[PDB]
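For reference, the structure discussed in these notes is given below.
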Amino acid sequence: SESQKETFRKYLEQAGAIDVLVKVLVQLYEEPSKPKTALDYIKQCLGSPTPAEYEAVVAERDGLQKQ
Amino acid sequence: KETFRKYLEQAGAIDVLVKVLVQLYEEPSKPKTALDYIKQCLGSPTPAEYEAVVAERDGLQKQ
Amino acid sequence: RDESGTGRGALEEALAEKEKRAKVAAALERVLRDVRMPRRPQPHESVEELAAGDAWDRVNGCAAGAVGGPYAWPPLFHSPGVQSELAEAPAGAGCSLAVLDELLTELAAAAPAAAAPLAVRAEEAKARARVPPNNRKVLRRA
Amino acid sequence: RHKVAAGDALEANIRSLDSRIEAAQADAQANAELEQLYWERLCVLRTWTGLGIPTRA
Amino acid sequence: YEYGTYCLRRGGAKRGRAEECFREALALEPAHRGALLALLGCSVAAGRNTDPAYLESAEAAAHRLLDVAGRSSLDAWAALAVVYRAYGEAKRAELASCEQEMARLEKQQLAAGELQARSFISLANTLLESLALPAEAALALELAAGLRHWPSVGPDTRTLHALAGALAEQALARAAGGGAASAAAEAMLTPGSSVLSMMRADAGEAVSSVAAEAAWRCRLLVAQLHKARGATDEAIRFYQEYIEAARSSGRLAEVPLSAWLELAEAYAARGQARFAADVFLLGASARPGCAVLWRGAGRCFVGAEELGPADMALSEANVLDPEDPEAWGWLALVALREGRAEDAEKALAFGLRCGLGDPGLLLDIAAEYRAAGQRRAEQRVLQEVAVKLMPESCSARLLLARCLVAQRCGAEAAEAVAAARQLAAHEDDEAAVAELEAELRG
Amino acid sequence: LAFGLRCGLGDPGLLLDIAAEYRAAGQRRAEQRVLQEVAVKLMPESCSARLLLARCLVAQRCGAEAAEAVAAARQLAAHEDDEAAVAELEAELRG
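Chains as they are written, first to last, in the deposited numbering: chain A, 2 to 68; chain B, 6 to 68; chain C, 538 to 625, 679 to 732; chain D, 880 to 910, 948 to 973; chain E, 587 to 697, 742 to 1072; chain F, 978 to 1072.
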């Protein structure tokens, strides 16, 4: 529906915003070396999928084992 | 421009972006950090160092 | 000697910025126009879950004596969250739509202040019950 | 007849959230909850799409 | 608008730059030509789904701009009709009433509908030639065919329609640049063709007043089609007949500069290099304002090894001062071939200070310097041409390495050792590398 | 500037500042008429200004001004980073 489409557009504009994807698109366009798969470019864009504190738990466990 | 759009269509990043946006709109409880939800839908970003450390720990446990 | 060291580079940078902005807007337009909500199957309701709906449809939408006759409006559908909100009898259907209204009439004399806040949640539960849970449920109600 | 009544409750709900949304737009002008309202507005709108309720322009 | 036309000349490379230039012009001022160019550029959009995307839906602003340019304008209404017919499902139905508005309006001016078809043809001429949009030209041809009065239109207007369609077909073949562009030329050369009918109408003197103006361009396009087909001699003969007709009517009045360049190239392809130089000089003398043709005339005259007329033409080529990066280098090559060593060095320095050096001209100048051998001149010419003008080419690098080795013994083999790993995929470069290694060891 | 050049004393630091101002919005004729005279008459013994003028002339006219780079190779401002910069400029001129 038109109202459903407008609500979806408004929600996408508000939450997350188009600038987050626009930065990735601008980086991909600025980099001339573009791979055959854009999943690698998305992974190079990264964004800390696991949290920094979440990834530090294994490092803290390894340090405690080394201690 | 047009060549870049054709290359992006060949890569299929528009499909993954549309699936991510569809999942984000379908999930009712929208998180404050929508980029975190997008990354969770995408998979494992910048986890290579953690994967290497986990592989080293698994090899140490096996040996 | 043409003075092309400056100015030409600024024009090239402006053209590159305009091209990058146009490409970003094009990608955003493609992503926005790709939006669609997929069709999904209708979620089924359990027979025990359907047992509460039809009895409520008998109590709220088919009881002879209620406000609105046997065709009271607007239509309402039984949901567990709304029903538990009304719950929070000997016939087993206590704190229903008809039961609570006489009770809200009864509890107003004893505690109008308590009846004032509870009816606010009850009316919102009554408002939410107007929204049907399932597509075939409205067809079943019709 | 059942389809109009279901959309009537949603449209009043859509009017109620937009009243909160427009005030929050004024609140942002004087100064996030608007982004919280849109998904709930999308939740109400998709129910009309899910039930097949007629849309109002 | 001129910059946008120059960008749209290379449409497939900088289409975004052309769109940005058109948007800049439109934001700066309301211009009818700029708005038409923006609409014709956005009209294709790879089937209205490219980066412009819903430019079909955004062309309502273009229609409003057209209505602002003309309250009752046949060209504007025809442009809106073409946009609707190329991008809609039922919006052409509203365009038919828009065309019916002009049809009743055109009858009052007489008080036929010849102007109804003429409105689409003018947009077709602007799109195909000025805007260089073959897709927009085809869309305008479709709109002209979709005009309601197909049977009663004028044959001269129908001749103009056929000329516009032939121009659109040639533009489509040139813009595609693949498959078989000569297949359309073979169709045009086949019996009973529309270009043949246009040539027959040109030959007929009964209606030559309003038909020969388009028939001259039709004959030029037929000659270009024959040249693309391969019969260069017959194409040059037809082009010379067209040039004779141009001399009869007005020589520089048409000013077919690209056609003159094509004729000069076709004549230079055969052994008649001196005749090609004479034809180029004749065109340059006919059009003294276009000093850029003098550079090509001097370049053609240099091939006959007659340095006197070559220098005489090179003076007029160098009359256009700044934009002569190839002409100054050619004059330097001519002076180095005949005598003026210091003047040739100064002119080569001026050409290097200019924008771009020509690769073949630089190679010829390096060969001339090697013949009249000087180590510093060879290092200034060949090494610079290999570093900048021809970075990928390893033959120039091998030549520069040999020149440096001969200039400064085996101690200057740094570039030879650097470039000796990758050299031109063997063939004779293996023997060249063997000779270079022998010279370095010696 | 022409009147000041006709006048006797050209100030070295002021001339260097004016040359830097011209290099900010570069003009080849102005650079050749300013920096060359500053490095020749005002401070011939100096090396950093000569290296800067050599870099400007090399960027202006490529291999025609390699004599200035060779002169910078004669004295490279007590070596240090200036010698490396002069070597980089000479490599760029060779390229």
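We put the CB at the ideal spot given by N, CA and C, even for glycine.
Do you know how far the Cα of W958 of chain E is from the Cα of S945 of chain E?
-> Mapped onto the fifth sequence, residue 945 of chain E falls at position 315. Mapped onto the fifth sequence, residue 958 of chain E falls at position 328. If I take the Cα positions, the gap works out to 10 Å.
Flag this pair as yes or no: are the beta carbons of residue 556 of chain E and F905 of chain E separated by less than 8 Å?
-> The structure shown has nothing for residue 556 of chain E, since chain E only spans 587 to 1072.
Could you list which residues in chain D have their beta carbon closer than 8 Å to that of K35 of chain B, in chain order?
-> Reading the second sequence from its first residue, position 30 is the one you call residue 35 of chain B. Correct list: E951, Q952 and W955.
Would you mind reading off the limits of the alpha helix (DSSP H) that contains residue 738 of chain E?
-> In the model shown, chain E runs from 697 to 742 with nothing in between, leaving residue 738 of chain E without coordinates.
In this structure, does DSSP put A831 of chain E in helix, strand or coil?
-> Position 201 of the fifth sequence, counting from 1, holds the residue named residue 831 of chain E. It is helical.
For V25 of chain A, which of B:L29, B:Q28, B:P36 and B:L13 has the nearest alpha-carbon?
-> Residue mapping note: residue 25 of chain A aligns to position 24 of the first sequence, counting from 1. Comparing Cα positions, the closest option is B:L13.
Using the rule of at least 16 other Cβ atoms within 10 Å of the residue's Cβ for burial, across every protein chain shown, is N948 of chain E buried or exposed?
-> Within the fifth sequence, residue 948 of chain E is the residue found at index 318, counting from 1. Burial call: buried.
What is the rounded straight-line gap between the Cα of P50 of chain B and the Cα of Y592 of chain E?
-> As a position in the second sequence, residue 50 of chain B is number 45, starting the count at 1. As a position in the fifth sequence, residue 592 of chain E is number 6, starting the count at 1. Roughly 45 Å between the two C-alpha positions.
Would you decide whether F9 of chain A is buried or exposed? Buried here means 16 or more other CB atoms lie within 10 Å of its CB.
-> As a first step, residue 9 of chain A must be located in the first sequence, where it is residue number 8. Result: buried.
Beta-carbon separation of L1034 of chain E and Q1009 of chain E under 8 Å?
-> Numbered from its first residue, the fifth sequence carries residue 1034 of chain E at position 404. Numbered from its first residue, the fifth sequence carries residue 1009 of chain E at position 379. Yes; because the gap between Cβ atoms is below 8 Å, this pair is in contact.
Does DSSP put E31 of chain B in a helix, in a strand, or in coil?
-> Stepping through the second sequence from its first residue, residue 31 of chain B is reached at position 26. It is helical.
Residues in its own chain within less than 7 Å of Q1013 of chain F by CB, not counting five upstream and five downstream?
-> For the purposes of this step, residue 1013 of chain F is taken as residue 36 along the sixth sequence, with counting starting at 1. Here the set comprises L1030.
Excluding five sequence neighbours on each side, which residues of the same chain lie with their C-beta closer than 6 Å to the C-beta of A815 of chain E?
-> What you label residue 815 of chain E is simply residue 185 of the fifth sequence in a count that begins at 1. Same-chain partners within the cutoff: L855, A858 and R859.
Members of the region 569 to 603 of chain C that neighbour chain D once the beta carbon cut-off is set at 8 Å | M574 and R577
Please classify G48 of chain B: is it buried, with 16 or more other beta-carbons within 10 angstroms of its beta-carbon, or exposed?
-> Taking the first residue of the second sequence as position 1, residue 48 of chain B is located at position 43. Label assigned to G48 of chain B: exposed.
Contacts that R731 of chain C makes with chain D (C-beta to C-beta distance below 8 Å) | Position 141 of the third sequence holds residue 731 of chain C. Residues of chain D passing the Cβ test: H881.
Test: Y30 of chain B CB closer than 8 Å to a CB of chain D | Within the second sequence, numbered from 1, the residue matching residue 30 of chain B stands at position 25. Judged by the 8 Å Cβ criterion, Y30 of chain B is in contact with chain D.
Any C-beta of chain B sitting closer than 8 Å to the C-beta of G602 of chain E?
-> For the purposes of this step, residue 602 of chain E is taken as residue 16 along the fifth sequence, with counting starting at 1. Cβ-Cβ to chain B under 8 Å: yes for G602 of chain E.
Tell me whether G959 of chain E sits in a helix, a strand or coil according to DSSP, three-state version.
-> Along the fifth sequence, read from residue 1 onward, the residue named residue 959 of chain E stands at position 329. Helix, per DSSP.
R609 of chain E in three-state terms, based on DSSP | Locating residue 609 of chain E in the fifth sequence gives position 23, where the first residue counts as 1. In this structure, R609 of chain E counts as helix in the three-state DSSP scheme.
Is the number of C-beta pairs between the region 14 to 34 of chain B and the region 580 to 588 of chain C that are closer than 8 Å three or more?
-> no
Have a look at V825 of chain E and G834 of chain E and give me their C-alpha separation to the nearest angstrom.
-> In the fifth sequence, counting from the first residue as 1, residue 825 of chain E sits at position 195. In the fifth sequence, counting from the first residue as 1, residue 834 of chain E sits at position 204. One C-alpha to the other measures close to 14 Å.
Kindly indicate if chain F contains any beta-carbon less than 8 Å away from that of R1010 of chain E.
-> Taking the fifth sequence and counting its residues from 1, one reaches residue 1010 of chain E at position 380. Yes, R1010 of chain E lies at the interface with chain F (some Cβ there is under 8 Å from its Cβ).
Leaving out five residues on either side along the sequence, give the residues of the same chain with a beta carbon under 6 Å from the beta carbon of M828 of chain E.
-> Mapped onto the fifth sequence, residue 828 of chain E falls at position 198. Excluding residues within five positions, the ones whose Cβ falls inside 6 Å are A845 and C848.
Limits of the alpha helix (DSSP H) - the one that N755 of chain E falls within | Taking the first residue of the fifth sequence as position 1, residue 755 of chain E is located at position 125. From DSSP, the alpha helix (DSSP H) with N755 of chain E extends over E744 to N755.
What's the C-alpha gap between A1026 of chain E and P36 of chain A?
-> As a working note, residue 1026 of chain E is residue 396 in the fifth sequence. As a working note, residue 36 of chain A is residue 35 in the first sequence. Each residue's alpha carbon lies about 33 Å from the other.
C-alpha gap between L793 of chain E and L623 of chain E, whole angstroms | Counting from 1 along the fifth sequence, the entry for residue 793 of chain E is found at position 163. Counting from 1 along the fifth sequence, the entry for residue 623 of chain E is found at position 37. Straight-line Cα distance between these residues: approximately 21 Å.
So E31 of chain B packs on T636 of chain E, CB below 8 Å; how close in whole Å?
-> As a working mapping, residue 31 of chain B is identified with position 26 in the second sequence. As a working mapping, residue 636 of chain E is identified with position 50 in the fifth sequence. That pair is no contact at about 29 Å.
What residues from the region 1026 to 1059 of chain E come within 9 Å of chain F, judged by C-beta to C-beta, listed N to C?
-> none
Are any of the Cβ atoms in chain C nearer than 8 Å to that of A1002 of chain F?
-> As a position in the sixth sequence, residue 1002 of chain F is number 25, starting the count at 1. With 8 Å as the cut-off, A1002 of chain F counts as an interface residue toward chain C.
Of the residues E:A914, E:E953, E:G919 and E:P955, which one's Cα is nearest the Cα of residue 581 of chain E?
-> Limits of chain E in this structure are 587 at one end and 1072 at the other, which puts residue 581 of chain E out of reach.
In angstroms with no decimal places, state the Cα-to-Cα distance between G966 of chain D and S4 of chain A.
-> By 1-based counting over the fourth sequence, the position of residue 966 of chain D is 50. By 1-based counting over the first sequence, the position of residue 4 of chain A is 3. Distance between the alpha carbons of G966 of chain D and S4 of chain A is about 13 Å.
Can you tell me the Cα-Cα spacing of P989 of chain E and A1002 of chain E, whole angstroms?
-> The sequence position of residue 989 of chain E within the fifth sequence is 359, counting from 1. The sequence position of residue 1002 of chain E within the fifth sequence is 372, counting from 1. Roughly 20 Å separates the two Cα atoms.
Helix, strand or coil: how does DSSP classify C1024 of chain F here?
-> Here residue 1024 of chain F refers to the residue found at position 47 of the sixth sequence. In this structure, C1024 of chain F counts as coil in the three-state DSSP scheme.
Once you ignore the five residues that flank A853 of chain E on each side, which residues in its own chain have a CB closer than 7 Å to its CB?
-> As a position in the fifth sequence, residue 853 of chain E is number 223, starting the count at 1. Here the set comprises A865, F868, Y869 and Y872.
Contacting residues, own chain, Cβ-Cβ under 6 Å from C1024 of chain E (five flanking each side not counted) = Within the fifth sequence, numbered from 1, the residue matching residue 1024 of chain E stands at position 394. Hits under 6 Å: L1053 and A1054.
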